[PDB]
């Protein structure tokens, strides 16, 4: 009886001031294609200028 | 003897501290997203039963 | 100290492929299969028409 | 009286061409951010989303 | 037999260093699937025949 | 059959025609995936503004997203009692399954 796929949000600290971000930021990252070193450098430059 | 007024130096550095904070913003942002963070991607195996 | 080696950009090679087709079957009109693939595959499909 | 569809989306004003954001289709489409580098850009890409 | 003595000579005195002149970092989406699996990161510009 | 195309890049033009003909003359159910599109609803009146072809839907580049409009037509006044009839009409060829 197989597994599945979920996320934790790091709620198992119950300790405030940490774990500010949530689940959704990972979904956006995985949604992204893939970024190479020179592509990231280009992307930083474009948003800056 | 000439005493330099404190106005020309206090505001001088105040604007330099502004450029750095506004220049380092993009790469601290786009870098942040591709890190995920505050997640784990786990899996749960059912010990039979229900 | 002494000048020695010379530098190129794209290397040559000693052994290469050579093809000889005959007509009656050949179709020299279509050279396309995709977009960003027609530059990564063919000539690897234009030497094997 | 006699309106077919009344839908909601991103504002055409707040996010304007002054910040690169362009949305004529209903999808927020920017012109350049992450792109193939050595190769020239495309006329239309899904990466522009 | 004299011709082979010219081929063997040409390879013997061959001193060529290889600088990286041309490349492309293709966007992961446009290249479909079979070709995606094949290539790692960047390729050159003059991909030969295989 | 119930077909399911995943790689719509390697197929030859003849295979696509066979696929796009067997749906018409044998009631085949075919499917595409790599196609990406942005859909927007269209009012009944006035009609369509842009029409694509069933041959271009098989040759479109992997990462190039085109828009194909879908007709609403929920509110449309029906014809009067006295008017000429019809003879074996409209056939529709494409369907979204997102939804």
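Letters A, B, C, D, E and F mark the chains as written, and numbering starts fresh at 1 in each.
Basically, contacts are C-beta pairs under 8 Å (C-beta built on N, C-alpha and C of every residue); 3 or more make two chains touch, one makes a residue touch a chain.
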Chain pair with more C-beta contacts, C-E versus D-F: C-E
Chain whose Cα centroid lies nearest the overall Cα centroid: D
Whole-Å gap separating chain A and chain C, where each centre is the average of the chain's CA atoms: 42
Centre-of-Cα separation between chain D and chain A, whole angstrom: 23
Cα-centroid distance, chain A relative to chain E, in whole angstrom: 37
Multi-partner residues of chain F (each touching 2 or more other chains): 9-10, 61-63
Chain B residues within the chain A interface of the complex: 23, 26-27, 29-30, 33-46, 48
Touching residues (chain side chain E, partner chain D) in the complex: 22-27, 29-30, 42, 45
Interfacial residue positions of chain A with respect to chain B in the complex: 1-10, 19-23, 25-26, 28-29, 32, 35, 40, 43-44, 47-48
Chain A-facing residues of chain E, complex: 25, 27-29, 41-42
Touch list for chain F against partner chain C, complex: 9-10, 61-62
